[PDB]
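Since the structure comes first, as structure tokens, the remarks are kept for the end.
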Amino acid sequence: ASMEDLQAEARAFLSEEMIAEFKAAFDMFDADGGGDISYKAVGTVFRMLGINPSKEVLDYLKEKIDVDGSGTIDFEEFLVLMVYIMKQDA
Ligand SMILES: [Ca+2]
């Protein structure tokens, strides 16, 4: 449900301007070459936006993101994990 339900609210928190830099860092790790990167790549991207790759997220991405079994994260799967931590990021 990480992508499906969560992307809906994600766009409410993250602005399109924010998405601009999100996709900038995301695009460099494009695995399928279209809108799709591996969730592990986040390690570098998370550093660019200043997000903390915590224990919860690593455990969360498998069951909530890749319940879909893509082995990767589409931009829709990606936006969620960023805003997920960022929303509570103090
Ligand atoms: Ca997936």
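Residue numbering restarts at 1 for every chain of the structure tokens, chains are lettered A, B, ... in their displayed order, and ligands are numbered from 1 as they appear.
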
Exercise: region 42-49 of chain A partners within 12 Å, only C-alpha atoms, chain neighbours under 4 positions left out, as a PyMOL selection string: chain A and resi 18-30+36-38+53-54+57-58+61+72-75+77-86+89

Keeping N, CA and C atoms, export the residues of the selection given above as a compact mmCIF listing (two decimals), in the first residue's frame.
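Written output follows (again.txt):
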```
# COMPACT_ATOMS: atom_id res chain seq x y z
N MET A 18 9.34 20.46 -5.42
CA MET A 18 10.12 19.52 -4.62
C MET A 18 10.35 18.25 -5.42
N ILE A 19 9.32 17.85 -6.16
CA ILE A 19 9.39 16.69 -7.03
C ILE A 19 10.45 16.88 -8.11
N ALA A 20 10.64 18.13 -8.52
CA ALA A 20 11.63 18.47 -9.54
C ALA A 20 13.02 18.01 -9.12
N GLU A 21 13.40 18.29 -7.87
CA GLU A 21 14.71 17.87 -7.39
C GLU A 21 14.70 16.39 -7.01
N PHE A 22 13.53 15.89 -6.60
CA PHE A 22 13.38 14.47 -6.29
C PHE A 22 13.70 13.62 -7.52
N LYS A 23 13.10 13.99 -8.65
CA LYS A 23 13.30 13.25 -9.89
C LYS A 23 14.72 13.44 -10.42
N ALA A 24 15.31 14.58 -10.11
CA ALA A 24 16.68 14.87 -10.54
C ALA A 24 17.65 13.86 -9.93
N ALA A 25 17.50 13.61 -8.64
CA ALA A 25 18.36 12.67 -7.93
C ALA A 25 17.96 11.23 -8.23
N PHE A 26 16.68 11.03 -8.48
CA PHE A 26 16.13 9.71 -8.78
C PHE A 26 16.56 9.22 -10.18
N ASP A 27 16.49 10.11 -11.15
CA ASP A 27 16.77 9.78 -12.55
C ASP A 27 18.16 9.18 -12.77
N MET A 28 19.13 9.62 -11.99
CA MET A 28 20.51 9.14 -12.15
C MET A 28 20.65 7.66 -11.82
N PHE A 29 19.71 7.12 -11.07
CA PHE A 29 19.76 5.72 -10.67
C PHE A 29 18.71 4.89 -11.42
N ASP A 30 18.16 5.44 -12.50
CA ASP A 30 17.11 4.76 -13.26
C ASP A 30 17.59 3.38 -13.73
N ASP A 36 11.87 4.14 -13.09
CA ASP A 36 12.01 3.05 -12.11
C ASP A 36 13.45 2.85 -11.65
N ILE A 37 13.65 2.89 -10.33
CA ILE A 37 14.97 2.68 -9.74
C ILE A 37 14.87 1.62 -8.66
N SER A 38 15.99 1.13 -8.20
CA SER A 38 15.99 0.18 -7.13
C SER A 38 15.94 0.91 -5.80
N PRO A 53 18.04 7.26 6.35
CA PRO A 53 17.69 5.87 6.09
C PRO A 53 17.68 5.05 7.38
N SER A 54 16.57 5.12 8.09
CA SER A 54 16.42 4.46 9.37
C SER A 54 15.98 3.00 9.23
N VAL A 57 12.43 2.18 7.86
CA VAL A 57 12.25 2.33 6.42
C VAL A 57 12.71 1.09 5.67
N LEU A 58 13.85 0.55 6.08
CA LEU A 58 14.41 -0.63 5.43
C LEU A 58 13.49 -1.84 5.59
N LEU A 61 10.10 -0.89 3.42
CA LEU A 61 10.15 -0.96 1.95
C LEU A 61 9.86 -2.36 1.39
N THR A 72 11.99 -3.20 -7.36
CA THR A 72 12.43 -1.85 -7.54
C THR A 72 11.33 -0.92 -7.09
N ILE A 73 11.56 0.35 -7.24
CA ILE A 73 10.59 1.32 -6.87
C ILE A 73 10.37 2.31 -7.99
N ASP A 74 9.15 2.37 -8.47
CA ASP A 74 8.76 3.35 -9.46
C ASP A 74 8.81 4.71 -8.80
N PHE A 75 8.76 5.76 -9.58
CA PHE A 75 8.75 7.10 -9.04
C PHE A 75 7.61 7.25 -8.02
N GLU A 77 6.53 4.79 -6.10
CA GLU A 77 6.96 4.05 -4.91
C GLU A 77 8.04 4.87 -4.17
N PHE A 78 8.80 5.64 -4.95
CA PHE A 78 9.92 6.44 -4.45
C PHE A 78 9.45 7.68 -3.66
N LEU A 79 8.53 8.45 -4.24
CA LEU A 79 8.03 9.68 -3.61
C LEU A 79 7.53 9.42 -2.19
N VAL A 80 6.91 8.27 -2.01
CA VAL A 80 6.35 7.91 -0.73
C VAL A 80 7.41 7.77 0.35
N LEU A 81 8.42 6.94 0.11
CA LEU A 81 9.46 6.69 1.11
C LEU A 81 10.18 7.97 1.53
N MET A 82 10.31 8.91 0.61
CA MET A 82 10.99 10.16 0.91
C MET A 82 10.17 11.01 1.85
N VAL A 83 8.90 11.18 1.50
CA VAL A 83 8.01 12.00 2.29
C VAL A 83 7.64 11.30 3.60
N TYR A 84 7.62 9.96 3.57
CA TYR A 84 7.32 9.15 4.75
C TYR A 84 8.21 9.54 5.92
N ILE A 85 9.51 9.52 5.71
CA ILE A 85 10.44 9.87 6.77
C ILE A 85 10.45 11.37 6.98
N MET A 86 10.40 12.11 5.88
CA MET A 86 10.47 13.57 5.92
C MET A 86 9.32 14.19 6.74
N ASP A 89 10.39 13.72 10.14
CA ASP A 89 11.79 14.11 10.30
C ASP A 89 11.92 15.42 11.06
```

Enumerate residues in contact with ligand 1: an atom-to-atom distance of at most 6 Å, counting only C-alpha atoms and all ligand atoms. Format the result as a PDB file with C-alpha atoms, in the first residue's frame.
```
ATOM      1  CA  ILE A  65       6.622  -1.131  -1.054  1.00  0.00           C
ATOM      2  CA  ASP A  66       7.553  -4.325  -2.618  1.00  0.00           C
ATOM      3  CA  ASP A  68       3.980  -5.634  -5.346  1.00  0.00           C
ATOM      4  CA  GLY A  69       7.173  -7.579  -6.026  1.00  0.00           C
ATOM      5  CA  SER A  70       8.698  -5.256  -8.579  1.00  0.00           C
ATOM      6  CA  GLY A  71      12.149  -5.544  -7.019  1.00  0.00           C
ATOM      7  CA  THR A  72      12.431  -1.853  -7.543  1.00  0.00           C
ATOM      8  CA  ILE A  73      10.589   1.321  -6.873  1.00  0.00           C
TER       9      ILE A  73
END
```

Do a neighbour search on residue 3 (chain A) at 6 Å with only C-alpha atoms, toss out local chain neighbours closer than 2 positions, and write the hits as a ChimeraX atom specification. /A:1,5-7,76-77
